[PDB]
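Novice: This is target-v1.txt (compact mmCIF, C-alpha atoms).
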```txt
# COMPACT_ATOMS: atom_id res chain seq x y z
CA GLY J 289 4.16 12.82 -24.36
CA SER J 290 4.90 16.50 -23.85
CA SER J 291 4.67 16.74 -20.08
CA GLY J 292 5.43 19.78 -17.95
CA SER J 293 8.34 18.44 -15.92
CA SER J 294 9.66 21.47 -14.09
CA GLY J 295 13.09 20.83 -12.62
CA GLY J 296 14.91 24.04 -11.79
CA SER J 297 13.55 27.47 -12.59
CA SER J 298 12.42 29.29 -9.47
CA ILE J 299 13.86 28.92 -5.99
CA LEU J 300 10.92 30.75 -4.45
CA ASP J 301 10.19 30.15 -0.79
CA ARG J 302 9.65 26.41 -0.70
CA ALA J 303 8.46 26.72 2.89
CA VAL J 304 5.61 28.89 1.68
CA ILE J 305 4.54 26.25 -0.80
CA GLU J 306 4.75 23.62 1.91
CA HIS J 307 2.59 25.70 4.22
CA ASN J 308 0.40 26.91 1.38
CA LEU J 309 -0.19 23.27 0.54
CA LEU J 310 -1.30 22.67 4.11
CA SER J 311 -3.26 25.91 4.15
CA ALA J 312 -5.03 25.02 0.92
CA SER J 313 -5.61 21.54 2.28
CA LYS J 314 -7.54 23.22 5.08
CA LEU J 315 -9.00 25.81 2.74
CA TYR J 316 -9.71 24.45 -0.72
CA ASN J 317 -11.50 21.13 -0.41
CA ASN J 318 -10.07 20.18 -3.78
CA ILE J 319 -7.79 21.95 -6.23
CA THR J 320 -6.00 20.99 -9.42
CA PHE J 321 -2.26 21.17 -9.98
CA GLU J 322 -2.83 24.07 -12.35
CA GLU J 323 -4.73 26.06 -9.76
CA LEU J 324 -2.66 24.78 -6.87
CA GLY J 325 0.44 25.83 -8.76
CA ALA J 326 -1.14 29.18 -9.56
CA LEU J 327 -1.67 29.67 -5.84
CA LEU J 328 1.94 28.85 -5.06
CA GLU J 329 2.95 30.60 -8.26
CA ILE J 330 4.56 27.28 -9.12
CA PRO J 331 3.86 24.91 -12.02
CA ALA J 332 1.45 22.00 -11.73
CA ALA J 333 4.48 19.78 -12.17
CA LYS J 334 6.09 21.33 -9.12
CA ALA J 335 2.84 21.51 -7.19
CA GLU J 336 2.21 17.95 -8.29
CA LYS J 337 5.59 16.68 -7.13
CA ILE J 338 5.54 18.89 -4.05
CA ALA J 339 2.00 17.79 -3.25
CA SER J 340 3.04 14.19 -3.72
CA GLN J 341 6.28 14.75 -1.84
CA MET J 342 4.32 16.34 0.99
CA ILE J 343 2.08 13.30 1.28
CA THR J 344 5.10 11.03 1.28
CA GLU J 345 6.76 13.27 3.83
CA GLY J 346 3.63 12.93 5.92
CA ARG J 347 3.28 16.70 5.72
CA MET J 348 0.01 16.30 3.86
CA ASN J 349 -2.69 13.72 4.50
CA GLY J 350 -4.58 12.19 1.61
CA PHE J 351 -3.81 11.08 -1.93
CA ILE J 352 -3.36 12.45 -5.43
CA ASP J 353 -5.96 11.63 -8.05
CA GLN J 354 -4.21 10.94 -11.33
CA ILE J 355 -7.49 9.90 -12.92
CA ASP J 356 -8.84 13.43 -12.74
CA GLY J 357 -5.47 15.00 -12.01
CA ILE J 358 -6.88 16.63 -8.90
CA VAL J 359 -5.26 16.78 -5.48
CA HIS J 360 -7.43 15.23 -2.79
CA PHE J 361 -7.00 17.20 0.41
CA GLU J 362 -8.23 16.26 3.87
CA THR J 363 -11.07 18.23 5.40
CA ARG J 364 -11.48 19.09 9.07
CA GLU J 365 -13.65 16.58 10.89
CA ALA J 366 -13.67 13.68 8.46
CA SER J 367 -13.33 9.91 8.59
CA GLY J 368 -15.12 8.19 5.73
CA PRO J 369 -17.84 5.54 5.42
CA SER J 370 -19.64 4.01 8.38
CA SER J 371 -17.22 1.47 9.80
CA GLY J 372 -18.67 -1.85 10.89
```
Is it possible to express this structure as structure tokens?

Specialist:
Amino acid sequence: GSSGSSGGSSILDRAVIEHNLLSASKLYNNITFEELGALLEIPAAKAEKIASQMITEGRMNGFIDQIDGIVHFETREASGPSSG
């Protein structure tokens, strides 16, 4: 299984990615690791881990879809199904 797996390569501004992740979460309703990484200029592997790390860090709200490999971001003014 030839997977990306990007350890150390670029030490770009990690803060930017963190914010960008939050910015995109408020911008792009949904984006893939490939695109997300292209936005942060980072690899999907990094954006994937970062995205996941962000959620775990509480920085980002939502979950990562491994079924479609898309990052599910939260949208302003949202809750879900009708509770009751």

Novice: From the options J:331, J:350, J:372, J:357, which residue's atoms come nearest to residue 298 of chain J, counting only C-alpha atoms?

Specialist: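 Checking each candidate against residue 298 of chain J, we get J:331 as the closest.
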
Novice: With distances taken over only C-alpha atoms, which of J:356, J:365, J:322, J:329 is nearest to residue 304 of chain J?

Specialist: J:329

Novice: I'd like the neighbourhood of residue 342 of chain J as a VMD selection string, where a residue qualifies if any of its atoms comes within 12 Å (using only C-alpha atoms), though same-chain residues fewer than 3 positions away should be ignored.

Specialist: chain J and resid 302 to 303 305 to 310 313 334 to 339 345 to 352 359 361

Novice: Around segment 314-328 of chain J, fit a box with edges along x, y and z, padding it by 8 Å on each side, then list its centre and edge lengths in Å to one decimal as JSON.

Specialist:
```
{"center_x": -4.8, "center_y": 24.9, "center_z": -3.6, "size_x": 29.4, "size_y": 25.5, "size_z": 33.4}
```

Novice: Rounded to one decimal place, report the atom CA of residue 355 of chain J-atom CA of residue 323 of chain J distance in Å.

Specialist: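 Computing the Euclidean distance for atom CA of residue 355 of chain J and atom CA of residue 323 of chain J yields 16.7 Å.
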
Novice: Would you list the residues near (-10.7, 26.6, 6.2) (no more than 12 Å away, in the coordinates of the file, using all atoms listed in the file) as a PyMOL selection string?

Specialist: chain J and resi 310-318+361-365

Novice: To one decimal in Å, tell me the separation between atom CA of residue 341 of chain J and atom CA of residue 369 of chain J.

Specialist: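 Calculated distance between atom CA of residue 341 of chain J and atom CA of residue 369 of chain J is 26.8 Å.
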
Novice: Measuring between all atoms listed in the file, which one of J:354, J:367, J:333, J:344 shows the shortest distance to residue 295 of chain J?

Specialist: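 Of all the options, J:333 lies closest to residue 295 of chain J.
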
Novice: May I ask for the distance between atom CA of residue 320 of chain J and atom CA of residue 300 of chain J, given in Å to one decimal place?

Specialist: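 Atom CA of residue 300 of chain J lies at a distance of 20.2 Å from atom CA of residue 320 of chain J.
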
Novice: Of the candidates J:327, J:366, J:358, J:299, which shows the shortest atom-to-atom distance to residue 340 of chain J, using only C-alpha atoms?

Specialist: J:358

Novice: Return the single residue from J:289, J:296, J:360, J:301 that is closest to residue 324 of chain J, with distances computed using only C-alpha atoms.

Specialist: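 Among the listed residues, the smallest separation from residue 324 of chain J belongs to J:360.
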
Novice: Quick one: of J:353, J:370, J:343, J:325, who's nearest to residue 294 of chain J, counting all atoms listed in the file?

Specialist: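 Among J:353, J:370, J:343, J:325, it is J:325 that comes nearest to residue 294 of chain J.
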